[PDB]
Novice: 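Quick one: the structure is below, questions incoming.
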Amino acid sequence: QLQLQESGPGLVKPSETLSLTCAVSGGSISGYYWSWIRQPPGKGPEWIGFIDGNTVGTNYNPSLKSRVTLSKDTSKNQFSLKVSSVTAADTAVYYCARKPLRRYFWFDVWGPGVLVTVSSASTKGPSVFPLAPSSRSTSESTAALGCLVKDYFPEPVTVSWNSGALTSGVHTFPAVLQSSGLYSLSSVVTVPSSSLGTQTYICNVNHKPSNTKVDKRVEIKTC
Amino acid sequence: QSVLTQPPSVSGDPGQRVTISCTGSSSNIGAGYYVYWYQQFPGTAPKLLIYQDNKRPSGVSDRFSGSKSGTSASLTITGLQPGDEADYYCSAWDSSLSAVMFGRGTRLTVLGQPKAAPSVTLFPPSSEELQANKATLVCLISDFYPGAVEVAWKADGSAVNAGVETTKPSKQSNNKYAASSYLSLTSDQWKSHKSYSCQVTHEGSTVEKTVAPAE
């Protein structure tokens, strides 16, 4: 029932210091080794290092030894990674993982993984526009409600519907890279056509790098 | 020495046996450090499949087996299902570097996936994005197996050159592909023309959707 929750900025300017924190719930830091792994989008995993949960012992990747630092706060039951002199080669999805205390190196519990982007551009919150229900494309008496997420500089944007209550029929498409460097995506959801007027639909957009949280209701524009 | 080499991709028929190799050296697994096999789906953390070269955790199907010989390990999958399409990595300890190393990855693919025609949904702009001068046509394309797909936009009759941004096709959970094309337009451009069309071409077949600025 171990739960790892990752916190930290999504955007880091070059030559700055990236700082990530893995908070552990349902278990203590002691009794295990705690590791940081990173995966550049399109590549495989790379081991950054781990820290002992009981003692002060830490081990790092030799290729990253001079820039990375792992620490732990036992009072808050969490650990942390910091990477100095960050460049574009450090853009990746960062996971925290658990490893048994023994001298074996298998990772069985992983965190969600926070995307970290190293760019000189500024963060831009998303503009969210509802997409009125269209039934020409959908089949068997159902419509498709949409939400368009336009012009947000970092990549991770999460979209849910009805505060996570509506899950079936939801499809969030991969984002597009505008010529201005900003990202845009669309989240569509197929709903029963005979339920448009009686059921309210709200798309929840969360863009954590800009700390922006919008909730746009998709009301029927035409009929 | 001190590297884990994997094939970039392996292919096999459904229901048959396939093997993924992991080539080490004398420092990592000629050392006898265990080979570990992780499975990862798009947009998910790596899931641990094999440890100690043949051991499966609780909750891993018996169709995944591991073997180790000399400086080479192998992950064998029998009775290939479409759900086995993922990325497979091998990891091992290295005493020369004193570090955990991963392989660059193997992309597994089954060969028995039939062709699928794409479904297309065209959303016109709303007054919200119109008055904010963020008006854009949204063309969502989904559920087509052959990843290759070509997108064009038409202004009444005529190809639109500028304002179009088309994503690369991406695998969804059902192993089919999805993509989207956004056409950016100003309010004058939207109100001036009579209709805009998104045309999606896939394996010699065409699906065209059209919208009007009516009111």
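Computation of the quantities below employed the complete heavy-atom set of this structure, encompassing side-chain atoms and omitting hydrogens, waters and symmetry-equivalent molecules. Every chain is numbered from 1 and lettered A, B, ... according to where its sequence line falls, protein lines coming before strand lines.
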Novice: Can you tell me which portion of B:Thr44 sits under 4.5 Å from chain A's heavy atoms? Options are side chain, backbone, both or neither.
Specialist: backbone

Novice: Cut-off 3.5 Å, no hydrogens considered: what does the side-chain donor-acceptor table look like for residues 206-215 of chain B, sequence neighbours left out?
Specialist:
residue: B:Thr210; atom: OG1; partner: B:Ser197; partner atom: OG; Å: 2.8

Novice: Is A:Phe105 close to chain B through its backbone or its side chain, or both, or neither, when contacts mean heavy atoms under 4.5 Å?
Specialist: both

Novice: Which pair of non-hydrogen atoms, one from A:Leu131 and one from B:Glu129, has the smallest distance, and what is that distance?
Specialist: CD2-OE2, 4.2 Å

Novice: Relative to chain A, which of B:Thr167, B:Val100, B:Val138 shows the most heavy atom pairs under 4.5 Å?
Specialist: B:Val100

Novice: Measuring heavy-atom distances to chain B, does A:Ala97 have an atom under 4.5 Å in its side chain, in its backbone, in both, or in neither?
Specialist: neither

Novice: Taking side chain as everything from C-beta outward and backbone as N, CA, C, O, which of these in A:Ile48 sits under 4.5 Å from a heavy atom of chain B? Side chain, backbone, both or neither.
Specialist: neither

Novice: Heavy-atom distances under 4.5 Å only: say whether A:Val188 touches chain B with side chain, backbone, both or neither.
Specialist: side chain

Novice: In Å, rounded to the nearest 0.5 Å, how long is the span from CZ of A:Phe173 to OG of B:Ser181?
Specialist: 12.0 Å

Novice: I need the residue from B:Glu128, B:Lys134, B:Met101 with the largest number of non-hydrogen atom pairs under 4.5 Å to chain A.
Specialist: B:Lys134

Novice: What residue, out of A:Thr138, A:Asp108, A:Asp151, A:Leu185, has the most heavy-atom pairs lying under 4.5 Å from chain B?
Specialist: A:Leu185

Novice: Tell me, side chain or backbone of B:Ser184 under 4.5 Å from chain A's heavy atoms, or both, or neither?
Specialist: side chain

Novice: Please classify the contact of B:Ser119 with chain A as side chain, backbone, both or neither, using a heavy-atom distance under 4.5 Å.
Specialist: neither

Novice: List for me each residue that meets side-chain contact (heavy atoms from CB on, under 4.5 Å) alongside B:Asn175, sequence neighbours excluded, and say none if there are none.
Specialist: B:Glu85, B:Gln113

Novice: Among A:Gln178, A:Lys43, A:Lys221, which residue forms the greatest number of heavy-atom pairs with chain B at distances under 4.5 Å?
Specialist: A:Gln178

Novice: Below 4.5 Å from any heavy atom of chain B, which atoms of A:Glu46 appear? Answer side chain, backbone, both or neither.
Specialist: backbone

Novice: Measure up the B:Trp93 and A:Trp47 rings against each other and bin them: parallel (under 30°), tilted (30 to 60°), perpendicular (over 60°).
Specialist: perpendicular

Novice: For A:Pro174, is it the side chain, the backbone, both or neither that has a heavy atom under 4.5 Å from a heavy atom of chain B?
Specialist: both

Novice: Which answer fits A:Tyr95, side chain, backbone, both or neither, if we ask what part of it has an atom under 4.5 Å from a heavy atom of chain B?
Specialist: side chain

Novice: Under 4.5 Å from any heavy atom of chain B, what part of A:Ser139 do you find: side chain, backbone, both or neither?
Specialist: neither

Novice: Side chain from CB out, backbone as N, CA, C, O: work out which of these in B:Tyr33 comes under 4.5 Å of a heavy atom of chain A, or both, or neither.
Specialist: neither

Novice: What part of B:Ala179 gets within 4.5 angstrom of chain A, counting heavy atoms only: side chain, backbone, both, or neither?
Specialist: backbone

Novice: Restricting to non-hydrogen atoms, name the atom on B:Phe123 and the atom on A:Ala132 that form the minimum distance, rounded to 0.1 Å.
Specialist: CE2-O, 3.3 Å

Novice: Give the ring-plane orientation class for B:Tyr36 versus A:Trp106, where under 30° counts as parallel, over 60° as perpendicular and anything between as tilted.
Specialist: tilted

